[PDB]
Amino acid sequence: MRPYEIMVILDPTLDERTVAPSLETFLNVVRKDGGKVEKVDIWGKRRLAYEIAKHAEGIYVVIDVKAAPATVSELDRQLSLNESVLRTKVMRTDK
Amino acid sequence: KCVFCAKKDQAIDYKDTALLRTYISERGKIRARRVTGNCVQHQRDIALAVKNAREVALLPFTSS
Amino acid sequence: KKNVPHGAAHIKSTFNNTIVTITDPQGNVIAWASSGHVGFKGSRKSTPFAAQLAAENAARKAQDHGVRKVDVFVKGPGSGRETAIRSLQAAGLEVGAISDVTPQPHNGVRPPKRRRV
Amino acid sequence: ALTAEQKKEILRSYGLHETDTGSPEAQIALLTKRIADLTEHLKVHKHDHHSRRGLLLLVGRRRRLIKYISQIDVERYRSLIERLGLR
Amino acid sequence: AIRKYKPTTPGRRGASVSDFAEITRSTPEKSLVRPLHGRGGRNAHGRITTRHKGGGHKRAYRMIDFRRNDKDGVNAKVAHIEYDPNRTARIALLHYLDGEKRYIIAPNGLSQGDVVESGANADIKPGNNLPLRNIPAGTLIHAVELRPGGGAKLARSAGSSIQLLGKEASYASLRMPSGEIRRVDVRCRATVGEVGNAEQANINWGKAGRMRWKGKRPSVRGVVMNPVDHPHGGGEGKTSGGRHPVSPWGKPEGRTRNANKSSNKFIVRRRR
RNA sequence: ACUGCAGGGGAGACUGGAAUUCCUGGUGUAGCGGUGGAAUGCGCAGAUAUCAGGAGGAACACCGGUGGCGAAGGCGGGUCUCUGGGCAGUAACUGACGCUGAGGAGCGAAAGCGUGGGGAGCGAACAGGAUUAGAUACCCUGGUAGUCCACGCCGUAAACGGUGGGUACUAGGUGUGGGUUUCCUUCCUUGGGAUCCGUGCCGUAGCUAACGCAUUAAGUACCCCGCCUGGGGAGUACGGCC
RNA sequence: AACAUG
Ligand SMILES: [Mg+2]
Ligand SMILES: [Mg+2]
Ligand SMILES: [Mg+2]
Ligand SMILES: [Mg+2]
Ligand SMILES: [Mg+2]
Ligand SMILES: [Mg+2]
Ligand SMILES: [Mg+2]
Ligand SMILES: [Mg+2]
Ligand SMILES: [Mg+2]
Ligand SMILES: [Mg+2]
Ligand SMILES: [Mg+2]
Ligand SMILES: [Mg+2]
Ligand SMILES: [Mg+2]
Ligand SMILES: [Mg+2]
Ligand SMILES: [Mg+2]
Ligand SMILES: [Mg+2]
Ligand SMILES: [Mg+2]
Ligand SMILES: [Mg+2]
Ligand SMILES: [Mg+2]
Ligand SMILES: [Mg+2]
Ligand SMILES: [Mg+2]
Ligand SMILES: [Mg+2]
Ligand SMILES: [Mg+2]
Ligand SMILES: [Mg+2]
Ligand SMILES: [Mg+2]
Ligand SMILES: [Mg+2]
Ligand SMILES: [Mg+2]
Ligand SMILES: [Mg+2]
Ligand SMILES: [Mg+2]
Ligand SMILES: [Mg+2]
Ligand SMILES: [Mg+2]
Ligand SMILES: [Mg+2]
Ligand SMILES: [Zn+2]
C-alpha cells in the first residue's frame, strides 16, 4: 500500500454541491481492494494558467490516497474516461 | 547562501505555486542556478516542481 | 467605408523583406502595404528605408478607415523593425504598447542545413 | 528488489548460526533469489540490456562462490546443489 | 503467429499458415449454424456475373450478432474463440447471464473468460458495445453501423479499426480504415477496440491449389485473348494492349463512384 | 549484511506545452519567396500576411554548466510501473573465496538490409535555376529513399584521453560533484579543519627525441593479456568462416 | 560574383 497523491481538475460547469458526492463513486473502488483515503481537499474554482479544453476555469481536487499500485492505475483510467475530469496527475509522496 | 539548505525541511512542492513565483522570470522561464544561489540538488528540485506545475496549469509555460 | 478607432499593427521583418499589416483587435485586416508593394525588387526590400516607406503606406491607408491608434506586434530578425515603429508615429498614429511575438520552438522541428558559402 | 525482510527468510534457511550473512551457503542462496527474480524481470522487457548485463555479473559471482565451496568441502557442495538447483 | 513451413516440396517453399494459437474448441456451436452452398459466381439468371469464383471447400454459416441492441445491461462471458471460414477474423462465443448464446467478431485482446458489457453504461474495454454518444473521442472502435439500428457494417475485417475523431451536435466524425473521413449519426452503435487476427495479411499461400481451396478460380489476362474476347486482345507477338487500358467490357479507368450520390453530404474527405 | 545518500543508468505504459506544415472558415489585395546579385518557383482561379478551429508527425526552450550517471556505444518534457550499478558509515558475518584472461561469448554510434507500420520537417539520389571555359559541385527552388516505430540482420567509426586491466608507493597549490566527522555550531556561516570516493586546472621530483606527462602519470615498481618490426604493393589477392 | 595553370 503505497501513498499516492492524485490531483484532479474538474469541469467548471459543475456545481460544488455535487463535486464530493460524484467522486465518491470513484473512491469506492479504492476501498474494495484494501485502499485507504485520507484527505479529499477541494480547492474549488481557480483560474487556469492556460485554456485546457476550451475552458478558462476549473475545480481542483486533491485525493491523497494510499493503496496498491494496481488499484491506483485502475482509478485514473476511470477518471480520464469521465467527461467531467479535465486533467489527472498521480504522484508518489514518499522517497 | 542557499535558502533551502539554510532553512531546513522546507517542502519544495508543485502545489505551492507561490514559492515558485520567485525562481521564475517574467517570461516564465526557470532562472539560472548562479542567480538564485541554490545548490545542485535543490535547483533540481525546483525545476521539477516548475515542470509539474506547468502541466497542472498552475504556472504558464510561456507568458510575456 | 468602415470605422475602427483602435487597431493592431503587426510587423513581420525578415532578412529579405518586411510586411506591415494593420488589423482590428479580432484579427481582420484593414490595410497591409509591404515593402515590395512600394517599388522595390530584390535585395533592396530588406533595407530600413524600404521598411519605413511600407509603414507609411499602410498607415495613411488605414486612416482612410478611421484608425487613430494601434498596438504593435513585431516579430522577425530584421533591421527594418524599429524604423517601422518610428514611421507609424510620424504618419498620424499613436503606437501604444510594443511587443515581440517572435516564435520560439522548444526544440521542435529540424532546421535546414547550414550554408557552406 | 529483495527487501530487508525478504532476505531474512533466506538467511534462516541457509545461514549457519543465526547471524550468518557471508558464508558460501548464504551468498549463493541470496544470489539464486536475485537471479530468479531478474530472469522473470527479463521475460517482460526483452530489450533491457543494461539490466541483463547486471545478471551476468551475478551469474559470475555465484559461479565463483560455487567453485569455492567445492574446493573446501565437497559434502557441503552436494547438499547445496540439492537444496537450490544445478542444471 | 505465422508459422512458416519448411521447404520440403516446391509448393511449400515460401508458404506460411496461421499458428491458430488463439483458438479454443475446434468445433462450432450447433444451434448457431446455418447451411451455405456455393454459387460459382452465378446470379439468378444462371450467368456468371462475378468471374474467378467457384470450387472451394464446403462451408457453413455462423450466425454473427451484428445488432447487439437487445442486451443493454445483461452481461456476457466469453466462452470460446472459434474459427470462422466465412471471414478473416475469429469469432467469440458469448454466454449471456440470462441463458442465450451469441457470436461476435473477436476484438484484439478478448481472451477466454472475459466479461463483456453492453449499453450506455458499459465500460470502455475491448469488446463492449455502446452508442457513439457514450464513447469518448480518439477511441479506436470497430463494427460501426451506418444507420441507427441497422447493423454493423464498417471496419470489421481482421486488423481493421475506425478512429472516432469528434462529435459535434448530432453527428460523429469517423476515420474509416481507408483514410476516408465520414460523418455518421451519434445514435449509431460501435464496439470498442480493434478487430483481432491482425497478422493474416502476411500469410504467403504457397501453391496454386491452396487458393483453389479458398474458392479462387484462375484469371486470364486480357492481352493474351483475341480481339473478340477483350479490347486488349490481338497482336502477333505479345503486346501491351494497343490502346489505353480498359475493362473487359470496354470501360476506361477512372472514378466509378456516382458523382451525385446521396451520401456526399456525409463525406468530409475522400481517401488519399 | 545493515544503515543512509546522490544520479539525463535502463526497459514498458500513459501523457504535456511551444513551434513547423497541412486542412476548413473569416478578413484582405497583389505580390510573396530567395541571393553576393538574381533566376527557377509560388500567387493573382484570391497567395504571403492575419485571426479562429482541426488533423498529424518529430524533437523536447528555459533548467543546462566546465555538471551528473553508464563497461563502452551512449543518456536530459512529465508521471507511474518494473529494474541494474556506485559512494559513505557501522565492523555484524565469510575466511584468500583474488587479479588477469589465449580461444569463446555477449553488448556495440551512424549508414545500410528484411518484413510491417508511419511520414510534419529535414533531405542522399534525381530535376530545374544560377555561377563558370566547363560545373555531373559549392549557393537557390523543389524533391525519393532514409531519418520515426515494432521485430530481426549488420558489427563497422578519428568506437579517441589516438594512452589495456589490477595493485603499491612518490611535494604541494587550486575550483567543482557525492558522503562522513570535529573546536566558539550557530563564530548563520552553512565558515574553517580532518578524512573517503569522483571530476578539472596549475605545478615539484622524476620521465621524454621533443611537444609534453606529472598522486586521474606518459614517475618508481610487480602480475597477466592484446599488439609492433622500413615504405609501397595491401588490410588487397587466394583459401576458409560468418 | 570573383581566382585555373607553370
Ligand atoms: Mg532532491
Ligand atoms: Mg430461370
Ligand atoms: Mg477476380
Ligand atoms: Mg492467342
Ligand atoms: Mg472490340
Ligand atoms: Mg498477342
Ligand atoms: Mg513484336
Ligand atoms: Mg533516469
Ligand atoms: Mg500549438
Ligand atoms: Mg501536413
Ligand atoms: Mg495562413
Ligand atoms: Mg521522459
Ligand atoms: Mg573464524
Ligand atoms: Mg576477466
Ligand atoms: Mg580474446
Ligand atoms: Mg546485436
Ligand atoms: Mg540507424
Ligand atoms: Mg528499414
Ligand atoms: Mg516501407
Ligand atoms: Mg542540377
Ligand atoms: Mg538543396
Ligand atoms: Mg537499396
Ligand atoms: Mg521498443
Ligand atoms: Mg564517440
Ligand atoms: Mg588504435
Ligand atoms: Mg598501468
Ligand atoms: Mg582528487
Ligand atoms: Mg598540466
Ligand atoms: Mg613515452
Ligand atoms: Mg613491407
Ligand atoms: Mg577483405
Ligand atoms: Mg576470399
Ligand atoms: Zn540547497
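Within every chain, numbering begins at 1; the chains are lettered A, B, ... in the order of the sequence lines, protein sequences first and strands thereafter. Side chains included, hydrogens not; waters and symmetry mates left out as well; all remaining heavy atoms used.
- With a 6.0 Å cutoff to the six-membered ring centre and a 45° limit on the axis angle, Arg156(E) counts as a cation-pi contact of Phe66(E).
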Next item on the list: List the steps and the verdict of side-chain contact (heavy atoms from CB on, under 4.5 Å) for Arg68(E) and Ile104(E).
Entry: CA-CA 9 Å; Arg68(E) 284 170 65 85; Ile104(E) 60 171; 3.5 Å; yes
Item checked: Verdict with supporting geometry, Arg87(A) and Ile52(A), side-chain contact (heavy atoms from CB on, under 4.5 Å) -> CA-CA 9 Å; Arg87(A) 292 285 180 87; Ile52(A) 300 171; 3.8 Å; yes
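- Of the charged side-chain nitrogens involved, at least one lies within less than 4.0 Å of a carboxylate oxygen, so that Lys71(E) and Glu100(E) count as a salt-bridged pair.
- Heavy-atom neighbours of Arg187(E) CZ from other residues, nucleotides or ligands within 6.0 Å: at or below the threshold of 12.
- In this structure, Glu117(E) contributes its side chain and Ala122(E) its backbone to no donor-acceptor pair below 3.5 Å.
- Under the 4.0 Å criterion applied to side-chain N and carboxylate O atoms, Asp114(E) and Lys125(E) are not assigned as salt-bridge partners.
- Looking at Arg257(E) and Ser263(E), their side chains do bring a donor and an acceptor atom within 3.5 Å of each other.
- Proximity of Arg87(E) to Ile64(E): side-chain heavy atoms (C-beta onward) are separated by under 4.5 Å at one or more points.
- Within the 4.5 Å cutoff, side-chain heavy atoms of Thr18(C) are placed close to those of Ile11(C).
- Atom NZ of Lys2(C) has more than 12 heavy atoms from other residues, nucleotides or ligands within 6.0 Å.
- Atom CG of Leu174(E) and atom CZ of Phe266(E) lie 12.5 Å apart (nearest 0.5 Å).
- Using a 4.5 Å heavy-atom threshold, the side chains of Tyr61(E) and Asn86(E) count as touching.
- Atom CG of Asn121(E) has 12 or fewer neighbouring heavy atoms from other residues, nucleotides or ligands inside a 6.0 Å radius.
- Side-chain contact, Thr13(A) with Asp11(A): a donor N or O sits under 3.5 Å from an acceptor N or O.
- With contacts defined as side-chain heavy-atom distances shorter than 4.5 Å, the pair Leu146(E)/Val184(E) qualifies.
- Ion pairing between a basic and an acidic side chain is recognised when a charged N comes within 4.0 Å of a carboxylate O; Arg102(E) and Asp70(E) show such pairing.
- Taking 4.5 Å as the limit, some side-chain heavy atom of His41(D) sits within range of a side-chain heavy atom of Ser51(D).
- Note that the CD atom of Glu199(E) and the CD atom of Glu22(E) stand 6.5 Å from one another [nearest 0.5 Å].
- Side-chain polar atoms of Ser118(E) and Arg189(E) form a donor-acceptor pair below 3.5 angstrom.
- Counting only heavy atoms from C-beta outward, the side chains of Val17(E) and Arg210(E) approach each other to under 4.5 Å.
- Interatomic distance, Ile141(E) CD1 to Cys188(E) SG, rounded to the nearest 0.5 Å: 10.0 Å.
- A donor-acceptor pair is defined here as one N or O able to donate and one able to accept, closer than 3.5 Å; no such pair exists between the side chain of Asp76(A) and the backbone of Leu79(A).
- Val116(E) is listed as a side-chain neighbour of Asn128(E), based on a closest heavy-atom distance under 4.5 Å.
- The number of heavy-atom neighbours closer than 6.0 Å to CZ of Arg25(E), taken from other residues, nucleotides and ligands shown, is above 12.
- If you check the side chains of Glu82(E) and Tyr103(E), you find a donor sitting under 3.5 Å from an acceptor.
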Notebook entry, point to check: What's the verdict on side-chain contact (heavy atoms from CB on, under 4.5 Å) for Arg62(E) and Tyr83(E), showing C-alpha distance, side-chain angles and the deciding distance?
Noted result: CA-CA 10 Å; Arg62(E) 277 76 169 165; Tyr83(E) 183 82; 5.5 Å; no
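- Under 4.0 Å is where a charged nitrogen must lie from a carboxylate oxygen, and between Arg269(E) and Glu180(E) no such pair does.
- A distance of 10.0 Å separates NZ of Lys46(D) from CZ of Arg52(D), quoted to the nearest 0.5 Å.
- Between the OG atom of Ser84(A) and the CD1 atom of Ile9(A) there is a distance of 13.5 Å, given to the nearest 0.5 Å.
- Judged by distance alone, the side chain of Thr71(A) and the main-chain N or O of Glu74(A) form no donor-acceptor pair under 3.5 Å.
- Panel note: side chain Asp48(D), backbone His45(D); no donor-acceptor pair is recorded below 3.5 Å.
- The aromatic rings of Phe73(C) and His10(C) sit parallel, their planes meeting at an angle under 30°, below the 60° perpendicular limit.
- No more than 12 heavy atoms of other residues, nucleotides or ligands lie within 6.0 Å of NZ in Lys53(E), so this atom counts as exposed by the packing criterion.
- In this structure, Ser16(E) OG and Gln200(E) CD are separated by 11.0 Å, a value rounded to the nearest 0.5 Å.
- The aromatic rings of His230(E) and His232(E) sit tilted relative to each other, their planes meeting at an angle between 30° and 60°.
- With a 4.5 Å cut-off on side-chain heavy atoms, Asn28(C) and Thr23(C) do not count as touching.
- The environment of CZ in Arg270(E) is crowded: more than 12 heavy-atom neighbours from other residues, nucleotides or ligands sit within 6.0 Å.
- The residues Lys101(E) and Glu29(E) are annotated as salt-bridged, a charged nitrogen and a carboxylate oxygen being separated by less than 4.0 angstrom.
- With hydrogens and angles ignored, the 3.5 Å screen pairs no side-chain donor or acceptor of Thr239(E) with any backbone N or O of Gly235(E).
- Side-chain N or O atoms of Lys216(E) include none that pairs as donor or acceptor with a backbone N or O of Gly56(E) at under 3.5 Å.
- Between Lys54(A) and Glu51(A) there is no salt bridge, since no side-chain nitrogen of the basic residue lies less than 4.0 Å from a carboxylate oxygen of the acidic one.
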Next item on the list: Show your working on side-chain contact (heavy atoms from CB on, under 4.5 Å) between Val90(A) and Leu75(A) and close with a plain yes or no.
Entry: CA-CA 10 Å; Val90(A) 181; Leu75(A) 179 61; over 6 Å; no
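- Using a cutoff of 4.0 Å between basic side-chain nitrogens and carboxylate oxygens, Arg77(A) and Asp123(E) are scored as salt-bridged.
- Heavy-atom neighbours of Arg59(E) CZ from other residues, nucleotides or ligands within 6.0 Å: above the threshold of 12.
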